[PDB]
Amino acid sequence: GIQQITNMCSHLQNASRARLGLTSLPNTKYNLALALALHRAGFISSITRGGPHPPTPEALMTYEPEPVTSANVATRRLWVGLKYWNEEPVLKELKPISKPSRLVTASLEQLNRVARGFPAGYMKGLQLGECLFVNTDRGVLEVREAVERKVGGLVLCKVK
Amino acid sequence: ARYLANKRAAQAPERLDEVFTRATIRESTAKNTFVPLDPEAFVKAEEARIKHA
Amino acid sequence: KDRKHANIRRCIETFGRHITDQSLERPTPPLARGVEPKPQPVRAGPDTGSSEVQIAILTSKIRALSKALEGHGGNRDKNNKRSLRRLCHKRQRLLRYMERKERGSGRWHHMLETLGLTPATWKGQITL
Amino acid sequence: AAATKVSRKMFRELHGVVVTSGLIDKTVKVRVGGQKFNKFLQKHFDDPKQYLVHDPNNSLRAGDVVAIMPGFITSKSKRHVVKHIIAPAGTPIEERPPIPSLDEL
Amino acid sequence: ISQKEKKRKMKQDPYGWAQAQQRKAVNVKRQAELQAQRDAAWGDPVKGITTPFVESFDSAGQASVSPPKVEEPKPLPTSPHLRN
RNA sequence: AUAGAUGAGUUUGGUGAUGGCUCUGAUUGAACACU
RNA sequence: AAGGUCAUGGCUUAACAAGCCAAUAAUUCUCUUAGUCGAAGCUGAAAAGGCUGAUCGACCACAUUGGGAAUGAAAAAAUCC
Ligand SMILES: [Mg+2]
Ligand SMILES: [Mg+2]
Ligand SMILES: [Mg+2]
Ligand SMILES: [Mg+2]
């Protein structure tokens with residue numbers, strides 16, 4: 001549920017605050033959807049499903065993950081590579097917007113307004129560097145990827 | 001017209017410059033979400049019975 | 001304590017799902033629409049964790065404790081009035097889960113009639 | 001010409017659990033799902049609703065999972081009808097009287 | 001309805017009001033019987049309905065008959081194969 | 001409707017906070033005083 | 001089951017059943033205050049903004065206070081008793 005996305009956001013903040021080169025997440029399709037969007041937006045370096053121990057650092061892309069079955073699904077985890085440029089984490093802040101207590105949904109015209117830096121609904125306008133990820137019927141997208149495809153949906157979190 | 005234009009965009013192909021520049025994510029991780037039953041679930045259950053006994 | 005752990009062996013031997021699968025006529029719940037029965041791996045050991053066994057073990061503890069609180073000087077034991085309330089609320093939750101999970105299976109009725117568990121034990125609110 | 005036939009229209013299908021049965025003839029209480037939106041908090045709340053459903057042959061038992069359809073008026077408080085049993089409770093489906101199709105009703 | 005409509009209603013038709021309550025008393029009586037019959041089946045939230053198997057816990061299935069007393073010694077299920 | 005988001009005086013030996021009060025803006029089917 | 005109805009509904013009736021709604025106040029009662037609403041008026045950068053409920057439009061109620069009926073297509077009267 002949305003609680004896992006909320007844990008994924010606070011965990012990545014703590015892993016970047018600690019300047020960790022790697023970090024693990026519970027293996028769920030929802031966490032994978034947000035991680036693929038962060039990687040697609042350029043905030044993380046890699047995504048790899050593995051066990052409770054991180055794969056070999058050097059051979060990370062050519063890593064061969066074993067098939068996921070009911071005999072090991074309980075130990076699978078998503079390993080994320082974190083970026084740090086100019087003595088600063090590239091994924092500094094991950095502020096959630098929709099929470100377990102309330103799921104915030106935005107319309108296409110509200111996202112068009114938030115994309116240019118104007119408040120709309122419970123959201124606020126985006127500034128230089130900030131990003132916004134929306135969970136739509138076309139997958140987890142960035143607010144500028146959503147307005148291009150002309151869809152709304154559930155707002156997940158704002159990435160500074 | 002408003003419907004066709006909106007439906008066309010939601011099902012449009014990604015930009016070429018976005019394809020030839022984005023790093024690779026192995027499909028083994030980006031698309032293998034289904035978790036089937038262990039094919040060896042019966043053999044393991046029969047061996048676990050012997051060891052537990 | 002010797003009877004406590006001896007009773008635990010009686011509950012696993014009476015309500016143990018590894019025994020009721022063959023003792024009862026229709027232990028498992030009735031199939032749903034479209035669902036068909038498929039074979040599943042055998043159990044590697046006895047059934048000690050099913051809701052029937054746990055509810056039976058809780059019944060033995062509730063009797064051993066409720067029988068001590070009613071004995072001589074039992075009213076003076078104020079701390080264990082929580083323990084009895086905590087055993088009945090643990091059984092209420094398992095009975096409440098097994099009720100909807102088993103959808104009136106013969107394995108659910110065997111537990112009630114044998115342990116004498118009436119609706120008062122899980123239906124409403126247990127106030128002690 | 002002078003025959004006023006029923007509408008014979010098909011409405012939506014809701015899945016729910018039978019709450020009570022046997023209290024009244026050819027009638028059971030079924031709990032279905034729902035969600036109402038709070039405009040002040042801007043969130044959804046679980047809004048489950050319990051209706052009286054029409055069981056023509058008395059083939060439903062408490063704790064049973066069934067599919068109901070609205071728009072089938074039978075009484076003052078009964079506007080739903082049983083469509084089919086999803087998951088039976090107690091005994092199998094074949095051991096209960098059959099559920100007539102909407103065409104038969 | 002409000003209390004004014006209550007007294008006013010029964011004041012218009014005194015006899016008709018009496019008949020309406022005679023029929024209500026029949027169902028209130030029948031409903032009281034079904035409650036007493038359902039409260040009995042309700043049982044106790046701690047003991048429910050003590051069965052011979054629950055009574056066999058006091059001896060760990062080693063006693064063949066329950067203690068007397070009022071009461072009667074009834075047979076209990078045993079587990080003679082169990083040791084200490 | 002994409003220009004629209006602002007402060008000030010005042011507690012302390014002093015400093016940073018907390019927290020009210022007052023002023024700064026607009027207005028009235030207004031009243032009163034001087035006109 | 002029958003009647004009624006364009007049709008539906010104890011809407012009506014007979015015979016049976018004991019149900020139905022509610023359990024966190026459904027229901028009922030006391031006290032205090034108030035005509036209700038609108039980008040109608042004033043106000044904030046803004047919030048399902050706040051305040052008011054003049055002039056304008058819509059709705060409700062009232063015509064000294066209380067208790068009432070008829071007429072009429074319809075009470076919708078500053079009428080009538
Ligand atoms: Mg003492
Ligand atoms: Mg919910
Ligand atoms: Mg000082
Ligand atoms: Mg007034």
# chains A, B, ... in the order shown; residues from 1 in each chain; ligands from 1
$ select_by_dssp --residues "region 80-152 of chain A" --states "helix (DSSP H, G or I)" --output "PyMOL selection string"
chain A and resi 108-115+143-149
$ residues_around --residues "residue 29 (chain D)" --least-positions-apart "2" --cutoff "9 Å" --atoms "only C-alpha atoms (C1' of nucleotides)" --output "ChimeraX atom specification"
/D:17-21,27,31,50-53,62
$ write_last_selection --atoms "N, CA and C atoms" --output "compact mmCIF listing (two decimals), in the first residue's frame"
# COMPACT_ATOMS: atom_id res chain seq x y z
N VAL D 17 -21.14 -10.26 1.83
CA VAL D 17 -21.28 -11.39 2.74
C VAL D 17 -22.67 -11.35 3.34
N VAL D 18 -23.25 -12.53 3.57
CA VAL D 18 -24.56 -12.64 4.19
C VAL D 18 -24.39 -12.49 5.70
N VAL D 19 -25.12 -11.54 6.28
CA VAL D 19 -25.00 -11.24 7.71
C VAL D 19 -26.01 -12.03 8.52
N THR D 20 -27.26 -12.07 8.08
CA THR D 20 -28.31 -12.80 8.78
C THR D 20 -29.13 -13.59 7.78
N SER D 21 -29.73 -14.68 8.26
CA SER D 21 -30.58 -15.52 7.43
C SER D 21 -31.47 -16.36 8.33
N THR D 27 -35.49 -13.90 2.51
CA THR D 27 -34.86 -12.61 2.75
C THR D 27 -33.62 -12.81 3.60
N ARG D 31 -24.02 -7.62 3.44
CA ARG D 31 -23.13 -6.48 3.63
C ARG D 31 -22.25 -6.33 2.40
N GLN D 50 -25.53 -2.28 4.32
CA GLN D 50 -26.21 -3.56 4.50
C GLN D 50 -27.62 -3.45 3.95
N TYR D 51 -27.95 -4.31 3.00
CA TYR D 51 -29.26 -4.32 2.35
C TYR D 51 -29.98 -5.63 2.64
N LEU D 52 -31.30 -5.59 2.49
CA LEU D 52 -32.12 -6.79 2.52
C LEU D 52 -32.25 -7.32 1.09
N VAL D 53 -31.82 -8.55 0.88
CA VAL D 53 -31.77 -9.15 -0.45
C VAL D 53 -32.85 -10.20 -0.56
N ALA D 62 -25.99 -17.82 6.60
CA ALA D 62 -25.14 -16.78 7.17
C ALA D 62 -23.67 -17.08 6.90
$ residues_near_ligand --ligand "ligand 2" --cutoff "12 Å" --atoms "only C-alpha atoms (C1' of nucleotides) and all ligand atoms" --output "mmCIF file with N, CA, C and O atoms, in the first residue's frame"
data_model
loop_
_atom_site.group_PDB
_atom_site.id
_atom_site.type_symbol
_atom_site.label_atom_id
_atom_site.label_comp_id
_atom_site.auth_asym_id
_atom_site.auth_seq_id
_atom_site.Cartn_x
_atom_site.Cartn_y
_atom_site.Cartn_z
ATOM 1 N N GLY A 1 0.803 -1.207 0.000
ATOM 2 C CA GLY A 1 0.000 0.000 0.000
ATOM 3 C C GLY A 1 0.839 1.261 0.000
ATOM 4 O O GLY A 1 2.050 1.213 -0.201
ATOM 5 N N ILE A 2 0.184 2.400 0.230
ATOM 6 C CA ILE A 2 0.888 3.675 0.259
ATOM 7 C C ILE A 2 1.872 3.748 1.418
ATOM 8 O O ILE A 2 2.811 4.550 1.377
ATOM 9 N N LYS A 99 -0.587 10.010 1.972
ATOM 10 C CA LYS A 99 -0.181 9.203 3.114
ATOM 11 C C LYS A 99 -1.225 8.131 3.388
ATOM 12 O O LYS A 99 -2.314 8.161 2.802
ATOM 13 N N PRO A 100 -0.934 7.163 4.261
ATOM 14 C CA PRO A 100 -1.964 6.169 4.602
ATOM 15 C C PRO A 100 -3.253 6.792 5.106
ATOM 16 O O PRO A 100 -4.339 6.272 4.821
ATOM 17 N N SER A 101 -3.168 7.901 5.841
ATOM 18 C CA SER A 101 -4.364 8.539 6.373
ATOM 19 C C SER A 101 -5.153 9.297 5.313
ATOM 20 O O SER A 101 -6.323 9.617 5.546
ATOM 21 N N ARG A 102 -4.551 9.589 4.162
ATOM 22 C CA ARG A 102 -5.247 10.318 3.109
ATOM 23 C C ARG A 102 -4.491 10.153 1.801
ATOM 24 O O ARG A 102 -3.282 10.392 1.748
ATOM 25 N N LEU A 103 -5.209 9.761 0.752
ATOM 26 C CA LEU A 103 -4.650 9.618 -0.588
ATOM 27 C C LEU A 103 -5.024 10.856 -1.394
ATOM 28 O O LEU A 103 -6.202 11.084 -1.684
ATOM 29 N N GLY D 33 -19.661 -3.463 -0.056
ATOM 30 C CA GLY D 33 -18.653 -2.442 0.113
ATOM 31 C C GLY D 33 -19.120 -1.076 -0.353
ATOM 32 O O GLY D 33 -20.225 -0.894 -0.861
ATOM 33 N N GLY D 34 -18.244 -0.100 -0.169
ATOM 34 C CA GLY D 34 -18.540 1.264 -0.557
ATOM 35 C C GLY D 34 -17.504 2.199 0.016
ATOM 36 O O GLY D 34 -16.722 1.840 0.900
ATOM 37 N N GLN D 35 -17.510 3.421 -0.507
ATOM 38 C CA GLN D 35 -16.539 4.426 -0.084
ATOM 39 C C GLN D 35 -17.119 5.802 -0.352
ATOM 40 O O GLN D 35 -17.437 6.123 -1.501
ATOM 41 N N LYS D 36 -17.254 6.609 0.695
ATOM 42 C CA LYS D 36 -17.779 7.961 0.588
ATOM 43 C C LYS D 36 -16.645 8.963 0.748
ATOM 44 O O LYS D 36 -15.764 8.789 1.595
ATOM 45 N N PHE D 37 -16.674 10.011 -0.069
ATOM 46 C CA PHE D 37 -15.615 11.009 -0.086
ATOM 47 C C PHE D 37 -15.967 12.163 0.842
ATOM 48 O O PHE D 37 -17.054 12.740 0.742
ATOM 49 N N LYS D 43 -10.511 13.107 1.659
ATOM 50 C CA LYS D 43 -10.140 11.702 1.690
ATOM 51 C C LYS D 43 -11.395 10.854 1.547
ATOM 52 O O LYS D 43 -12.521 11.354 1.597
ATOM 53 N N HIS D 44 -11.186 9.555 1.367
ATOM 54 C CA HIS D 44 -12.267 8.585 1.290
ATOM 55 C C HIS D 44 -12.361 7.814 2.598
ATOM 56 O O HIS D 44 -11.346 7.530 3.239
ATOM 57 N N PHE D 45 -13.587 7.482 2.987
ATOM 58 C CA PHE D 45 -13.856 6.652 4.151
ATOM 59 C C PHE D 45 -14.627 5.417 3.717
ATOM 60 O O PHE D 45 -15.470 5.486 2.820
ATOM 61 N N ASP D 46 -14.334 4.288 4.354
ATOM 62 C CA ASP D 46 -15.108 3.079 4.116
ATOM 63 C C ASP D 46 -16.561 3.318 4.498
ATOM 64 O O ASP D 46 -16.860 3.688 5.637
ATOM 65 N N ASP D 47 -17.463 3.116 3.542
ATOM 66 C CA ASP D 47 -18.895 3.339 3.737
ATOM 67 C C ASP D 47 -19.644 2.064 3.373
ATOM 68 O O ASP D 47 -20.369 2.015 2.373
ATOM 69 N N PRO D 48 -19.489 1.008 4.168
ATOM 70 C CA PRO D 48 -20.210 -0.234 3.882
ATOM 71 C C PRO D 48 -21.697 -0.092 4.158
ATOM 72 O O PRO D 48 -22.119 0.603 5.085
#
$ residues_near_ligand --ligand "ligand 3" --cutoff "9 Å" --atoms "only C-alpha atoms (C1' of nucleotides) and all ligand atoms" --output "count of residues only"
3
$ residues_near_ligand --ligand "ligand 4" --cutoff "9 Å" --atoms "only C-alpha atoms (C1' of nucleotides) and all ligand atoms" --output "number ranges by chain"
G: 33-35
$ write_last_selection --atoms "N, CA and C atoms (P, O5', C5', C4', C3', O3' and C1' of nucleotides)" --output "PDB file, in the first residue's frame"
ATOM      1  P     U G  33     -32.150  33.866  24.298  1.00  0.00           P
ATOM      2  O5'   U G  33     -31.453  33.870  22.867  1.00  0.00           O
ATOM      3  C5'   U G  33     -30.165  34.437  22.690  1.00  0.00           C
ATOM      4  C4'   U G  33     -29.569  34.066  21.357  1.00  0.00           C
ATOM      5  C3'   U G  33     -30.415  34.366  20.132  1.00  0.00           C
ATOM      6  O3'   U G  33     -30.380  35.727  19.742  1.00  0.00           O
ATOM      7  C1'   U G  33     -29.535  32.187  19.956  1.00  0.00           C
ATOM      8  P     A G  34     -31.621  36.364  18.946  1.00  0.00           P
ATOM      9  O5'   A G  34     -31.532  35.697  17.503  1.00  0.00           O
ATOM     10  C5'   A G  34     -30.407  35.924  16.669  1.00  0.00           C
ATOM     11  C4'   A G  34     -30.487  35.127  15.392  1.00  0.00           C
ATOM     12  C3'   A G  34     -31.776  35.251  14.598  1.00  0.00           C
ATOM     13  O3'   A G  34     -31.844  36.441  13.831  1.00  0.00           O
ATOM     14  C1'   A G  34     -31.148  32.977  14.737  1.00  0.00           C
ATOM     15  P     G G  35     -33.212  37.282  13.749  1.00  0.00           P
ATOM     16  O5'   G G  35     -34.044  36.554  12.606  1.00  0.00           O
ATOM     17  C5'   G G  35     -33.448  36.239  11.358  1.00  0.00           C
ATOM     18  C4'   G G  35     -33.939  34.913  10.838  1.00  0.00           C
ATOM     19  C3'   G G  35     -33.126  34.296   9.714  1.00  0.00           C
ATOM     20  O3'   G G  35     -31.965  33.629  10.175  1.00  0.00           O
ATOM     21  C1'   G G  35     -35.418  34.199   9.166  1.00  0.00           C
TER      22        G G  35
END
$ decode --residues "region 27-45 of chain G" --atoms "N, CA and C atoms (P, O5', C5', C4', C3', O3' and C1' of nucleotides)" --output "PDB file, in the first residue's frame"
ATOM      1  P     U G  27     -33.532   9.718  14.434  1.00  0.00           P
ATOM      2  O5'   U G  27     -34.400   9.443  15.740  1.00  0.00           O
ATOM      3  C5'   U G  27     -35.475   8.516  15.719  1.00  0.00           C
ATOM      4  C4'   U G  27     -36.053   8.311  17.096  1.00  0.00           C
ATOM      5  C3'   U G  27     -36.449   9.573  17.846  1.00  0.00           C
ATOM      6  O3'   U G  27     -37.720  10.067  17.463  1.00  0.00           O
ATOM      7  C1'   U G  27     -35.190   8.172  19.273  1.00  0.00           C
ATOM      8  P     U G  28     -38.040  11.639  17.556  1.00  0.00           P
ATOM      9  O5'   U G  28     -38.042  11.942  19.119  1.00  0.00           O
ATOM     10  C5'   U G  28     -39.028  11.374  19.967  1.00  0.00           C
ATOM     11  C4'   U G  28     -38.713  11.605  21.424  1.00  0.00           C
ATOM     12  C3'   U G  28     -38.553  13.054  21.852  1.00  0.00           C
ATOM     13  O3'   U G  28     -39.788  13.715  22.059  1.00  0.00           O
ATOM     14  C1'   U G  28     -36.772  11.783  22.728  1.00  0.00           C
ATOM     15  P     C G  29     -39.885  15.308  21.881  1.00  0.00           P
ATOM     16  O5'   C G  29     -39.159  15.882  23.176  1.00  0.00           O
ATOM     17  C5'   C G  29     -39.640  15.563  24.472  1.00  0.00           C
ATOM     18  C4'   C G  29     -38.688  16.009  25.552  1.00  0.00           C
ATOM     19  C3'   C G  29     -38.263  17.466  25.516  1.00  0.00           C
ATOM     20  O3'   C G  29     -39.243  18.349  26.033  1.00  0.00           O
ATOM     21  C1'   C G  29     -36.369  16.109  25.874  1.00  0.00           C
ATOM     22  P     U G  30     -39.289  19.877  25.541  1.00  0.00           P
ATOM     23  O5'   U G  30     -38.188  20.598  26.435  1.00  0.00           O
ATOM     24  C5'   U G  30     -38.301  20.605  27.849  1.00  0.00           C
ATOM     25  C4'   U G  30     -37.060  21.150  28.508  1.00  0.00           C
ATOM     26  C3'   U G  30     -36.558  22.488  27.993  1.00  0.00           C
ATOM     27  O3'   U G  30     -37.284  23.592  28.503  1.00  0.00           O
ATOM     28  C1'   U G  30     -34.744  20.997  28.181  1.00  0.00           C
ATOM     29  P     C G  31     -37.426  24.932  27.630  1.00  0.00           P
ATOM     30  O5'   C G  31     -36.001  25.629  27.764  1.00  0.00           O
ATOM     31  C5'   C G  31     -35.475  25.958  29.041  1.00  0.00           C
ATOM     32  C4'   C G  31     -34.021  26.349  28.961  1.00  0.00           C
ATOM     33  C3'   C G  31     -33.673  27.437  27.960  1.00  0.00           C
ATOM     34  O3'   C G  31     -33.957  28.741  28.433  1.00  0.00           O
ATOM     35  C1'   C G  31     -32.142  25.658  27.740  1.00  0.00           C
ATOM     36  P     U G  32     -34.393  29.891  27.401  1.00  0.00           P
ATOM     37  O5'   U G  32     -33.049  30.222  26.615  1.00  0.00           O
ATOM     38  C5'   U G  32     -31.907  30.702  27.307  1.00  0.00           C
ATOM     39  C4'   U G  32     -30.736  30.909  26.381  1.00  0.00           C
ATOM     40  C3'   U G  32     -31.029  31.630  25.077  1.00  0.00           C
ATOM     41  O3'   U G  32     -31.132  33.035  25.223  1.00  0.00           O
ATOM     42  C1'   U G  32     -29.698  29.732  24.641  1.00  0.00           C
ATOM     43  P     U G  33     -32.150  33.866  24.298  1.00  0.00           P
ATOM     44  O5'   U G  33     -31.453  33.870  22.867  1.00  0.00           O
ATOM     45  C5'   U G  33     -30.165  34.437  22.690  1.00  0.00           C
ATOM     46  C4'   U G  33     -29.569  34.066  21.357  1.00  0.00           C
ATOM     47  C3'   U G  33     -30.415  34.366  20.132  1.00  0.00           C
ATOM     48  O3'   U G  33     -30.380  35.727  19.742  1.00  0.00           O
ATOM     49  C1'   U G  33     -29.535  32.187  19.956  1.00  0.00           C
ATOM     50  P     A G  34     -31.621  36.364  18.946  1.00  0.00           P
ATOM     51  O5'   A G  34     -31.532  35.697  17.503  1.00  0.00           O
ATOM     52  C5'   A G  34     -30.407  35.924  16.669  1.00  0.00           C
ATOM     53  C4'   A G  34     -30.487  35.127  15.392  1.00  0.00           C
ATOM     54  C3'   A G  34     -31.776  35.251  14.598  1.00  0.00           C
ATOM     55  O3'   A G  34     -31.844  36.441  13.831  1.00  0.00           O
ATOM     56  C1'   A G  34     -31.148  32.977  14.737  1.00  0.00           C
ATOM     57  P     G G  35     -33.212  37.282  13.749  1.00  0.00           P
ATOM     58  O5'   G G  35     -34.044  36.554  12.606  1.00  0.00           O
ATOM     59  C5'   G G  35     -33.448  36.239  11.358  1.00  0.00           C
ATOM     60  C4'   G G  35     -33.939  34.913  10.838  1.00  0.00           C
ATOM     61  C3'   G G  35     -33.126  34.296   9.714  1.00  0.00           C
ATOM     62  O3'   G G  35     -31.965  33.629  10.175  1.00  0.00           O
ATOM     63  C1'   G G  35     -35.418  34.199   9.166  1.00  0.00           C
ATOM     64  P     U G  36     -30.597  33.715   9.338  1.00  0.00           P
ATOM     65  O5'   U G  36     -30.823  32.704   8.132  1.00  0.00           O
ATOM     66  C5'   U G  36     -31.003  31.318   8.368  1.00  0.00           C
ATOM     67  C4'   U G  36     -31.209  30.562   7.081  1.00  0.00           C
ATOM     68  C3'   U G  36     -30.218  30.857   5.969  1.00  0.00           C
ATOM     69  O3'   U G  36     -28.980  30.188   6.122  1.00  0.00           O
ATOM     70  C1'   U G  36     -32.396  30.922   5.091  1.00  0.00           C
ATOM     71  P     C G  37     -27.619  30.929   5.703  1.00  0.00           P
ATOM     72  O5'   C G  37     -27.676  30.966   4.112  1.00  0.00           O
ATOM     73  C5'   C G  37     -27.779  29.762   3.370  1.00  0.00           C
ATOM     74  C4'   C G  37     -28.111  30.011   1.919  1.00  0.00           C
ATOM     75  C3'   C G  37     -27.160  30.905   1.145  1.00  0.00           C
ATOM     76  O3'   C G  37     -25.964  30.251   0.764  1.00  0.00           O
ATOM     77  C1'   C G  37     -29.388  31.501   0.642  1.00  0.00           C
ATOM     78  P     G G  38     -24.606  31.091   0.597  1.00  0.00           P
ATOM     79  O5'   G G  38     -24.781  31.821  -0.806  1.00  0.00           O
ATOM     80  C5'   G G  38     -24.929  31.069  -2.000  1.00  0.00           C
ATOM     81  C4'   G G  38     -25.134  31.964  -3.196  1.00  0.00           C
ATOM     82  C3'   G G  38     -24.222  33.176  -3.284  1.00  0.00           C
ATOM     83  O3'   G G  38     -22.936  32.863  -3.786  1.00  0.00           O
ATOM     84  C1'   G G  38     -26.448  33.831  -3.721  1.00  0.00           C
ATOM     85  P     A G  39     -21.619  33.309  -2.983  1.00  0.00           P
ATOM     86  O5'   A G  39     -21.439  34.845  -3.358  1.00  0.00           O
ATOM     87  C5'   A G  39     -21.922  35.346  -4.593  1.00  0.00           C
ATOM     88  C4'   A G  39     -20.969  36.338  -5.204  1.00  0.00           C
ATOM     89  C3'   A G  39     -21.226  36.684  -6.661  1.00  0.00           C
ATOM     90  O3'   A G  39     -22.240  37.663  -6.820  1.00  0.00           O
ATOM     91  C1'   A G  39     -18.914  36.262  -6.323  1.00  0.00           C
ATOM     92  P     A G  40     -23.759  37.228  -7.110  1.00  0.00           P
ATOM     93  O5'   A G  40     -24.618  38.190  -6.177  1.00  0.00           O
ATOM     94  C5'   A G  40     -25.017  39.479  -6.618  1.00  0.00           C
ATOM     95  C4'   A G  40     -25.507  40.326  -5.471  1.00  0.00           C
ATOM     96  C3'   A G  40     -24.428  41.016  -4.651  1.00  0.00           C
ATOM     97  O3'   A G  40     -23.987  42.230  -5.233  1.00  0.00           O
ATOM     98  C1'   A G  40     -25.922  39.915  -3.199  1.00  0.00           C
ATOM     99  P     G G  41     -22.456  42.688  -5.086  1.00  0.00           P
ATOM    100  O5'   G G  41     -22.352  43.216  -3.589  1.00  0.00           O
ATOM    101  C5'   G G  41     -23.124  44.323  -3.153  1.00  0.00           C
ATOM    102  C4'   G G  41     -22.906  44.605  -1.689  1.00  0.00           C
ATOM    103  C3'   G G  41     -21.460  44.634  -1.224  1.00  0.00           C
ATOM    104  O3'   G G  41     -20.808  45.858  -1.508  1.00  0.00           O
ATOM    105  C1'   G G  41     -22.728  43.321   0.263  1.00  0.00           C
ATOM    106  P     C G  42     -19.294  45.856  -2.043  1.00  0.00           P
ATOM    107  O5'   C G  42     -18.425  45.594  -0.736  1.00  0.00           O
ATOM    108  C5'   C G  42     -18.387  46.550   0.310  1.00  0.00           C
ATOM    109  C4'   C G  42     -17.746  45.996   1.557  1.00  0.00           C
ATOM    110  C3'   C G  42     -16.344  45.430   1.405  1.00  0.00           C
ATOM    111  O3'   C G  42     -15.334  46.420   1.344  1.00  0.00           O
ATOM    112  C1'   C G  42     -17.648  43.934   2.666  1.00  0.00           C
ATOM    113  P     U G  43     -14.026  46.171   0.447  1.00  0.00           P
ATOM    114  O5'   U G  43     -13.229  45.036   1.226  1.00  0.00           O
ATOM    115  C5'   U G  43     -12.832  45.221   2.576  1.00  0.00           C
ATOM    116  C4'   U G  43     -12.332  43.938   3.187  1.00  0.00           C
ATOM    117  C3'   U G  43     -11.224  43.226   2.429  1.00  0.00           C
ATOM    118  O3'   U G  43      -9.944  43.783   2.663  1.00  0.00           O
ATOM    119  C1'   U G  43     -12.881  41.663   3.044  1.00  0.00           C
ATOM    120  P     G G  44      -8.786  43.629   1.563  1.00  0.00           P
ATOM    121  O5'   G G  44      -8.285  42.132   1.751  1.00  0.00           O
ATOM    122  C5'   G G  44      -7.568  41.758   2.915  1.00  0.00           C
ATOM    123  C4'   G G  44      -7.110  40.324   2.858  1.00  0.00           C
ATOM    124  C3'   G G  44      -6.431  39.880   1.576  1.00  0.00           C
ATOM    125  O3'   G G  44      -5.086  40.311   1.479  1.00  0.00           O
ATOM    126  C1'   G G  44      -7.981  38.236   2.259  1.00  0.00           C
ATOM    127  P     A G  45      -4.504  40.809   0.069  1.00  0.00           P
ATOM    128  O5'   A G  45      -4.743  39.571  -0.903  1.00  0.00           O
ATOM    129  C5'   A G  45      -4.488  39.671  -2.296  1.00  0.00           C
ATOM    130  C4'   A G  45      -3.889  38.398  -2.837  1.00  0.00           C
ATOM    131  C3'   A G  45      -4.675  37.125  -2.562  1.00  0.00           C
ATOM    132  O3'   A G  45      -5.723  36.917  -3.491  1.00  0.00           O
ATOM    133  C1'   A G  45      -2.403  36.783  -2.009  1.00  0.00           C
TER     134        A G  45
END
